[PDB]
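Chemist: Before I ask anything, here's the sequence and the deposited coordinates:
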Amino acid sequence: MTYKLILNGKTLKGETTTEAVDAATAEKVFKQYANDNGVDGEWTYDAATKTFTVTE
């Protein structure tokens, strides 16, 4: 399932897309890399736009 997440960290700002079976896995994969990249804090997501949003 194509999934996209906006890595809007406090200073670090970057957009990212990826694949995943469901959304929980995608969010996990996105959360991991987001955390690996030191980016997290707020975690918003919508099913209508099917896009993930993150921000510190």
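Modeler: Cool, the structure landed. Numbers count the residues shown, from 1 in each chain.
Chemist: and residue 53, what are its bridge partners?
Modeler: residue 6, residue 44 (DSSP bridges).
Chemist: The nearest residue to residue 45 once chain neighbours are set aside - how many residues pack around it?
Modeler: Spatial nearest neighbour of residue 45, excluding adjacent residues (CB to CB, 6 or more residues apart in numbering): residue 52 at 4.6 Å. In short, each C-beta sits where N, CA and C put it, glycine included. The number of residues packed near residue 52 is 23, by other CB atoms under 10 Å.
Chemist: ok, residue 52 - contacts?
Modeler: 3, 4, 5, 6, 26, 27, 30, 44, 45 (CB atoms under 8 Å, 6 or more residues apart in numbering).
Chemist: before we move on, what about residue 15?
Modeler: By CB under 8 Å, 6+ apart, the neighbours of residue 15 are 4, 5, 6, 7.
Chemist: doesn't residue 53 make contact with the second one?
Modeler: Yes - checked against CB atoms under 8 Å, the pair residue 5 and residue 53 is within contact range at 7.1 Å.
Chemist: show me where the protein has strands.
Modeler: 3-8, 13-18, 42-45, 51-55 (DSSP state E).
Chemist: right, and residue 17 touches residue 1 too?
Modeler: No - using CB under 8 Å, residue 17 makes no contact with residue 1, being 11.6 Å away.
Chemist: Please tell me how far residue 5 sits from residue 38.
Modeler: 15 Å (CB to CB, to the nearest Å).
Chemist: And stretch 17-31, how far out from the chain middle?
Modeler: Here the centre of stretch 17-31 is set off from its chain's centre by 8 Å, with CA atoms, centre = their mean, to the nearest Å.
Chemist: which of the contacts of residue 15 count as buried?
Modeler: For the contacts of residue 15, a neighbour count by 16 or more other CB atoms under 10 Å gives the buried set as 5, 7.
Chemist: want to try a markdown table for the contacts of residue 15, with distance to residue 34 as columns?
Modeler: Below are the contacts of residue 15 laid out as a markdown table (distance: CB to CB, whole Å):
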| residue | distance to residue 34 |
| --- | --- |
| 4 | 13 |
| 5 | 7 |
| 6 | 10 |
| 7 | 6 |
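Chemist: No more questions from me, cheers.
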